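J.: Let me see the structure of the following:
(4 chains, ligands or ions: 6)
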Amino acid sequence: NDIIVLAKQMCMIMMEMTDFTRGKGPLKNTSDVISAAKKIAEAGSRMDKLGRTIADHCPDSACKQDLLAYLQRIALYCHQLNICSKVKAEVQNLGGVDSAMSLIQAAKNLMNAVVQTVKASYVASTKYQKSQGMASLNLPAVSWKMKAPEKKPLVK
Amino acid sequence: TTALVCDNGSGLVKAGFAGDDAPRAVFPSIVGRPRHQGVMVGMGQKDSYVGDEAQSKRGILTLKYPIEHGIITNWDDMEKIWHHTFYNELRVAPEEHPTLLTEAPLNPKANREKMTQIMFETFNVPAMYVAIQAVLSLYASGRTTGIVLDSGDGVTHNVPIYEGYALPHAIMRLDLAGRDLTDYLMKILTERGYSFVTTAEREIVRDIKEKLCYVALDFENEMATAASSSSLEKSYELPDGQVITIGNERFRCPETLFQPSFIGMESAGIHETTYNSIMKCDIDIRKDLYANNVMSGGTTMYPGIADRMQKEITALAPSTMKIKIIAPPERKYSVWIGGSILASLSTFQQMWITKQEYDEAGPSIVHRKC
Amino acid sequence: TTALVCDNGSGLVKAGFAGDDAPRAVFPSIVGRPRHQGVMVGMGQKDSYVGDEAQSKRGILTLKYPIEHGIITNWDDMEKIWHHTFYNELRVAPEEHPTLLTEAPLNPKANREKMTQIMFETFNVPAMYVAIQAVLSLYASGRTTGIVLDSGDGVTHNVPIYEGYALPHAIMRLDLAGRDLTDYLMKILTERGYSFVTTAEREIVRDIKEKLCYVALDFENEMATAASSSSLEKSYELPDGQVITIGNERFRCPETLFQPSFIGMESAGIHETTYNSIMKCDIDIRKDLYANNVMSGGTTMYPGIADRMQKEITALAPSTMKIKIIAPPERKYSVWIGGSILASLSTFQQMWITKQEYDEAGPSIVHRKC
Amino acid sequence: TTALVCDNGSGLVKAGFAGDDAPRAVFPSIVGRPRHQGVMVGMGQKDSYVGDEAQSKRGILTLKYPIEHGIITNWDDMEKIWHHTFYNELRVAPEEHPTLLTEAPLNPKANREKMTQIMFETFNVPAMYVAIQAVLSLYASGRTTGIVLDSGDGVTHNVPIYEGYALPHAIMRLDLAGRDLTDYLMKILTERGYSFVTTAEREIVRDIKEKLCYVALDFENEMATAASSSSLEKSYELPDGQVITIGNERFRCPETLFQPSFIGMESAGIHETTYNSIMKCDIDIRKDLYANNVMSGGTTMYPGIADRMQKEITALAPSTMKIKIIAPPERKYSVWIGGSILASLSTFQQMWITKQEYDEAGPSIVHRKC
Ligand SMILES: Nc1ncnc2c1ncn2[C@@H]1O[C@H](COP(=O)(O)OP(=O)(O)O)[C@@H](O)[C@H]1O
Ligand SMILES: Nc1ncnc2c1ncn2[C@@H]1O[C@H](COP(=O)(O)OP(=O)(O)O)[C@@H](O)[C@H]1O
Ligand SMILES: Nc1ncnc2c1ncn2[C@@H]1O[C@H](COP(=O)(O)OP(=O)(O)O)[C@@H](O)[C@H]1O
Ligand SMILES: [Mg+2]
Ligand SMILES: [Mg+2]
Ligand SMILES: [Mg+2]
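T.: Numbering: from 1, shown residues only, chains lettered A, B, ... in the order given. Ligands and ions are numbered 1, 2, ... in the order given. And now the structure:
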């Protein structure tokens, strides 16, 4: 599944960003964070087309409404990261973990929106599989690696 | 090929697969809608949140319960709740699993009929069934005899069952449950200067009630103790760091179950209702009903409610009787556990309402099959 | 096909192209007119200077700000400012670029309406939009949750936003900003014998304030330190070579933000205003508002204002709270950066006010589109 | 030997003697303190002004209300208010007259307890009593059945009474009243360019609201009418001779009573609150509650509020019902008139809290005597 692998490699990037936040990870300082923000935004735009296609192959008054909501959130988060990274790049070039916090917060927001988009896409594809167009996408609820939900604790 | 079990309570949805021993989805049965001004582009496209989605964002939402008192009042929000349950929480396709649903007794027939219709026509379930929650509690308790008191967010009901036979004339329903206690606690928290008005603040007060409230074994000595000392006062930290202290609101709120007149109701307490239900049963089964007082539901989860329950019923019943209150530790999910016991039963598989039968006989099939 | 972003502040014009990461025109928002006798032929034909043109020649001009407190008061001088911005500074043709403009909240509606009319009828812009400067600051900070304190030459405003939803009842505007601090510094510079009266000398005092003033973490110990020693005294050289020295005017001038009573105002300091805005928000979003205190604008650029800001809000808020003040190094242009983020957004392109809509609905379209 | 009746509202003090038909002291419930520099010798010895004393000099004072929302927040300023009431306005000696005081329902118990203590220990009253303001309004209206909607500066409350019996579970309190409407009017007056920020200017805006505002019978057609024409615009002259004009702020400000979401509150309008209070009452008394909708308090004094009130409740209630809104011309003093009716009653004279009972049982006597 293209959606799953794209979102999950972005999750790898977003893990490396939190690891820099904890102060011990594969990124030395702000410049690595700026580069990571740029690539996570690019992968978010790719995710944006994947969501666009799954939405376009869906009936109107269907799960496509939530999916388009999450896609618009994705659009803004990727755009904020790209301009903010360019602003941080210019600031570094002229003159900062505090600076890294804005990019990391935007990345957290983007990753949360991407998780929401992933589950929305899965629901849209499963619910309307043998509707026409979705079959061409060939997303048969198995390419999605959906675990069974784990049982609740009876006593808390 | 595996049945689903959705316990639609007034407060929480308990959903899972038949055969399992615990629900896999337990989320609030609320739908939230934004009530403020969306000022960022794309951040206001989602117009409705369901379940934990709404409790997470409840600071900008208006939370609504589709079910009051066990009757579904909003059929478009409940429909959203069910869509969430099937697709986001359980992640199944409803048209392959038969679904077991639960309902309180003495409930409008249109409720059950419209549940049948929504299942069979919006979710295309192959079969479905609507079971009474107290019978399911007795299933989960491993008995076939006993009187079950089930208290939830919306309704408290007593159903006496003997050897698998219910006595429907002795069933008692009382529209006083967890949500009424939450409202009463919001009301009596104003005596200390704490004002919780919003629906989100109602969720905060529900949390306060679950964490701090308990049932006094003897109400008047507890009031005297709270007046004399400050030993019963406990603190609670609000979501923004303010700390509130409540002394006798802790046992005054649950006392409304034994003194419904606290909230202006004329009915009898749950002990009196239980006794009155036992005394509408045949004299030969009363001894076994006294000894099996199954308590289920989340409103029976107050510390000390079983002790007070037994003390009051012992006062009411004859002195030679055998009063035992059965309060399992997991009784917050007894209805779901019994529903999964029943839906997995081998002898139950001819008792589903198949979609063929629905197509023959309309939604009215559910009153004669169930 | 590329949008313009003009941030019309009371003090400075920040103009540039959407998508860029910095304005390309940042000049004073002043119009100067000669006040002396032109004695050479042809040297007095130009009757008005705009921007850096006027600061260069301010020794023979009377400088006027078209905007006081965020409201445009001179609509012929502001019109000159905009003509300068488009044609001399940016060197574009306005009728091909949509223009994004900014405005403070709780501002007269005629301001926004006349901005819409001037754009669409004098500059023929294909489309335009008026955005709130604090929402743009939150765009530039890379967040969708947080309370933004924005201080400019004319107005200090707080707008609490949570998950992209603004709480307009908790917006607080305070007409105390950089120009009031410049006036207060001119007033208290007279205690040392320095008299700056002319508008040009007001620009000199603004420079003194930007270079030498700072925010004391604790005002009373700083006053004691300045009284005891001369360690806090710094010198400044005037345009004609005189040197002035100021000791406690350095931290007394910015203290008017935390003690507005210094200039005779009854309002509360920016810390108290921020706290009061947080406490008009829903209790469930207060924790996230405490942790995201975005500060933008050039009056928040004093050395030590974020430390004092956090100390005061920490004193006001509960002790278990998560007070963080976010003061980016580039916060003097956060409104412009957020405006360029928004104007370049793909989802924003249906939110422009096109000239067709203006022709249908007059200038009143701007209250319902924006 | 004659009782006193002090109606401590959030906005005004209504004081007088029991048996009379009108208060003898009606002054603002404010305490003002100078905020400027006293430069003349002996002119700055008085450090605090109370009542009309403060409104007279409010141009150099900071006005503070000891009561917000019906809860006394400053107990040293309220103590000054009471000293003024007894000694300067009424000119009595408090230790010879029993004093009747009033309080809103669902109000903190410490408020009532500290009022009891202040009376009995600072003013040495021989006896005192605290009565609910809606019961007093029903006394003044000459009825023993009806639902009272009392709106003051701080709180709006609905108390349904039938045959002299209150239904305390159906009492609804709403912290939205005249001061919130004054604040909303200050907020929406900025759209026309009028900035009132100081506490004195808040008193000016309260005057504007009292003189010019009214309740639109149908809000949307009134907004359309105000947009189309200028027939609804009225002028007002400020204390220094400036004239302001307001067109739809006149009916937008009182609309916050029927659409509390205007000021960001989630609650229901006063019509919806009244209906919801009627429907928590027993079905057999609802018909008589519909026909007796007593409105008291000064926030119910808008032109057209009774017509809109009846239109909305008629829309909510069944069509065969008997909706009458009772709005006496003197309803701004219904609470005081009812308090003087009660305090003069012959059967009430054993219901005072004597100082002997206070000495036995502390301030806690007031919850069981009242
Ligand atoms: N530990 C607890 N103590 C007291 N009340 C509780 C506790 N846990 C849950 N509740 C109450 O139980 C109700 C939910 O119980 P549940 O049986 O799930 O209701 P329903 O059957 O309506 O879903 C809620 O109103 C909640 O206030
Ligand atoms: N380094 C600084 N320290 C203190 N104040 C400053 C500094 N730089 C600019 N200012 C003040 O900030 C104001 C301009 O800030 P800006 O955000 O551009 O205002 P506006 O939004 O009104 O254009 C000016 O009044 C100036 O006095
Ligand atoms: N004619 C009027 N129209 C509208 N509002 C009024 C009028 N007269 C008084 N008010 C409002 O009523 C409030 C005072 O009413 P009152 O019943 O005396 O309040 P309280 O009981 O709190 O003293 C004030 O806030 C004032 O704004
Ligand atoms: Mg239940
Ligand atoms: Mg600005
Ligand atoms: Mg009153």
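J.: Pull the contacting residues for the closest residue to residue B:115 other than its chain neighbours.
T.: Using CB to CB, 6 or more residues apart in numbering or on different chains and skipping residues adjacent in sequence, the residue nearest residue B:115 is residue B:101, 5.9 Å away. C-betas here are computed from N, CA, C, even on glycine. Contacts of residue B:101 were listed using CB atoms under 8 Å, 6 or more residues apart in numbering or on different chains, and they are B:6, B:8, B:115, B:119, B:128-131.
J.: Please report how far whatever residue of chain B ends up closest to ligand 6 lies from residue D:167.
T.: Nearest to ligand 6 in chain B, going by CB to the ion, is residue B:190, at a distance of 18.3 Å. Distance, residue B:190 to residue D:167, by CB to CB, to the nearest Å: 17 Å.
J.: got it, and residue B:47?
T.: Taking CB to CB, one finds residue B:47 at 38 Å from residue D:167.
J.: what about the two, which has more around it?
T.: residue D:167 (19 against 11; other CB atoms under 10 Å in any protein chain shown).
J.: Verify the stated contact: that one with residue D:160.
T.: Yes - with contact defined as CB atoms under 8 Å, residue D:167 counts as touching residue D:160 (5.1 Å).
J.: Give me the phi and psi for the residue nearest the centre of chain B.
T.: Within chain B, one residue has its C-alpha closest to the average C-alpha position: by CA atoms, centre = their mean, that is residue B:152, at 2.3 Å. Main-chain torsions, residue B:152, degrees, to the nearest 10: phi -120, psi -160.
J.: give the contact list for residue A:81.
T.: Contacts of residue A:81 by CB under 8 Å, 6+ apart are A:37-38, A:40-41, A:44, A:103, A:106-107, A:110, C:142.
J.: Then it would be within a helix, right?
T.: Yes - under DSSP: H, G, I helix; E, B strand; the rest coil, residue A:81 sits within a helix.
J.: and residue B:356, what helix or strand is that in?
T.: helix B:355-361 (DSSP states H and E).
J.: next one: that helix to chain centre, how far?
T.: In terms of CA atoms, centre = their mean, to the nearest Å, the gap separating the centre of helix B:355-361 from the centre of its chain is 30 Å.
J.: likewise stretch B:233-250?
T.: That offset, for stretch B:233-250, works out to 25 Å (CA atoms, centre = their mean).
J.: if you look at that stretch, does any of it touch chain D?
T.: No - against chain D, stretch B:233-250 shows no contacts by CB under 8 Å from any CB of the partner chain, the least distance being 11.6 Å.
J.: residues in contact with that stretch?
T.: Stretch B:233-250 is contacted by residues B:185, B:188-189, B:191-192, B:194, B:204, B:208, B:211-214, B:222-223, B:226-227, B:230, B:232, C:283-284, C:286-287, C:290, C:317-321 when judged by CB under 8 Å, 6+ apart.
J.: Does stretch A:142-156 reach chain B?
T.: Yes - residues of stretch A:142-156 contacting chain B under CB under 8 Å from any CB: A:146, A:148-155.
J.: Which one of those is nearest to residue D:147?
T.: Nearest to residue D:147, judged by CB to CB, of the residues of stretch A:142-156 next to chain B is residue A:152 at 45.9 Å.
J.: List the residues that contact the closest residue to residue A:133 other than its chain neighbours.
T.: Nearest residue to residue A:133 in three dimensions, chain neighbours excluded: residue A:57, at 3.6 Å (CB to CB, 6+ apart). Contact analysis of residue A:57 by CB under 8 Å, 6+ apart lists A:131, A:133-134, A:136-137.
J.: Need those residues in JSON lines (columns: secondary structure).
T.: Listed next are the contacts of residue A:57 as JSON lines, based on three-state DSSP:
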{"residue": "A:131", "secondary structure": "coil"}
{"residue": "A:133", "secondary structure": "coil"}
{"residue": "A:134", "secondary structure": "helix"}
{"residue": "A:136", "secondary structure": "helix"}
{"residue": "A:137", "secondary structure": "helix"}
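J.: Now which of these would you call buried?
T.: Neighbour counting over these (16 or more other CB atoms under 10 Å in any protein chain shown) leaves A:134, A:137 as the buried ones.
J.: Could you dump the contacts of residue A:57 into CSV with distance to ligand 6 added?
T.: Formatted as CSV, the contacts of residue A:57 follow (distance: CB to the ion, whole Å):
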residue, distance to ligand 6
A:131, 64
A:133, 66
A:134, 65
A:136, 71
A:137, 67
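J.: Find the closest residue to ligand 4 in the stretch 51-200 of chain B.
T.: In the stretch 51-200 of chain B, the residue found nearest to ligand 4 is residue B:152; the distance is 3.6 Å by CB to the ion.
J.: Relative to residue D:77, how far out is the spatially most central residue of chain A?
T.: Centre of chain A computed as the mean C-alpha position; nearest residue by CA atoms, centre = their mean is residue A:114, 2.9 Å away. Residue A:114 sits 56 Å away from residue D:77, going by CB to CB.
J.: And residue B:42, by the same measure?
T.: Distance from residue B:42 to residue D:77, by CB to CB: 49 Å.
J.: Comparing these two, which residue is more hemmed in?
T.: Using other CB under 10 Å as the criterion, residue B:42 and residue D:77 rank with residue B:42 on top: 25 against 21.
J.: ok, the more buried one - contacts?
T.: Applying CB under 8 Å, 6+ apart to residue B:42 gives the contacts A:69, A:72-73, A:75-76, C:164, C:347.
J.: cool, and residue B:6?
T.: By CB under 8 Å, 6+ apart, the contact set of residue B:6 is B:13-15, B:82, B:85, B:99-102.
J.: before we move on, back to that, hmm, the residue nearest to the centre of chain B is touching residue B:14, no?
T.: No - at 10.4 Å, residue B:152 does not count as touching residue B:14 under the criterion of CB under 8 Å.
J.: the longest helix in chain B is where?
T.: helix B:199-212 (DSSP state H).
J.: Can you give me the buried ones in that one?
T.: Using 16+ other CB under 10 Å as the test for burial, helix B:199-212 gives B:199-206, B:208-209, B:212.
J.: which among these gets closest to residue D:35?
T.: For the buried residues of helix B:199-212, the closest approach to residue D:35 (CB to CB) belongs to residue B:201, at 36.1 Å.
J.: From residue B:208, how far off is the closest one?
T.: Taking CB to CB, one finds residue B:201 at 10 Å from residue B:208.
J.: Whichever of the residues of stretch A:142-156 next to chain B end up buried, select them in PyMOL.
T.: Command for PyMOL that selects the buried part of those, burial taken from 16+ other CB under 10 Å:
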select buried, chain A and resi 149+152+154
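J.: now for the helix or strand following the helix holding residue B:356, which elements pack on it?
T.: With elements assigned by DSSP H and E, the helix or strand that comes after helix B:355-361 is helix B:366-369. On a contact count with 3 or more CB pairs under 8 Å, 6 or more residues apart in numbering or on different chains; DSSP states H and E, helix B:366-369 meets helix B:109-118.
J.: In the helix it packs on, which residues are buried?
T.: Applying a neighbour-count criterion of 16+ other CB under 10 Å, one finds B:111-118 buried in helix B:109-118.
J.: Run through the neighbouring helices and strands of that helix.
T.: Using 3+ CB pairs under 8 Å, 6+ apart: helix B:109-118 touches strand B:71-72, helix B:77-83, strand B:99-103, strand B:127-132, helix B:366-369.
J.: between the ones you listed, which gets nearest to residue D:328?
T.: Comparing the helices and strands packed on helix B:109-118 by CB to CB, strand B:71-72 comes nearest, at 41.7 Å.
J.: Pull the distance from that closest one to the chain's centre.
T.: Centroid displacement of strand B:71-72 relative to its chain, using CA atoms, centre = their mean, is 13 Å.
J.: Pairing partners for that strand, with directions?
T.: Strand B:71-72 pairs in its sheet with strand B:67-68 (antiparallel), by DSSP bridges.
J.: Need the contact partners of the partner strand.
T.: Around strand B:67-68, the neighbours that count as contacts under CB under 8 Å, 6+ apart are B:8-10, B:29, B:73, B:78, B:154, B:179.
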